[PDB]
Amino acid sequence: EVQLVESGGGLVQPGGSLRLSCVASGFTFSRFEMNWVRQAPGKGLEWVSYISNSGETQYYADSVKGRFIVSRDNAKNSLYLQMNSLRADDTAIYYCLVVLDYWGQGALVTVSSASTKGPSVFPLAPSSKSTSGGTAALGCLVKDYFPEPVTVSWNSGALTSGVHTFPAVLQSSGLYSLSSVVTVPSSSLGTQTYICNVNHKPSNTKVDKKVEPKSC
């Protein structure tokens, strides 16, 4: 069977650089062009570079031109990717491909200067007009923490109905943010206290944030 084994990924700092390797087996490596393709967390597929069977011809994505160098050692049946001046937009799983036919399992490259950082918690206040009759949405914005994970609860676990906590986004800063929302009776906004409980164990931080109606 065709096998492509990537290595050399990991955490690196922005402006830094990294060397992916992909070792081939089960086919005549030197007969075939190779490609690198990458996939940012949550996103689609983005081609990075092409290299001909002999190695004498290369092509690069415009996003990467002047910064990455693809190469190969047909004696060692290895494909390489020299990624220079790494920036947050480069964070992705990187796949090696033979032609466009078979993909390695991928190597994660994380481009961040983030150190451990607890979140800032901001209230998502319910709109004052949907506070008379019916239901209202309120929440907490859990901003700019690193690394994963955080946990969010409401009223120390007493409020679970109508709750949805979203997965986090990874921002161009290398820090994560997420939100948690709960739908409650409008009539309760006067009488019931709503507190989101945020726990970020990697920084030994807990935050309780009271979410109150806004004065319009």
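When you see a residue number, it is the position in the sequence shown, counting from 1.
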Looking at the deposited entry, does 128-136 or 93-101 carry the larger mean Cα B-factor? 128-136
Comparing mean C-alpha B factor in the record for 63-71 and 164-172, the higher one is 63-71
Entry record, C-alpha B-factors for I195, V207, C22, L11; the maximum is at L11
Just grab whichever of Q39, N35, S153, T191 has the top CA B-factor as deposited. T191
Sorting the chain's CA B-factors, does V142 end up in the lowest, middle or highest third? lowest
Give the position of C216 by CA B-factor within its chain, expressed as the lowest, middle or highest third. highest
Sorting by Cα B-factor within the chain, modelled residues only, which third would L79 end up in: lowest, middle or highest? middle
Ranked by Cα temperature factor within the chain, is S30 in the lowest third, the middle third or the highest third? middle
Determine, from the deposited record, the chain-internal third of the Cα B-factor for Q58: lowest, middle or highest. middle
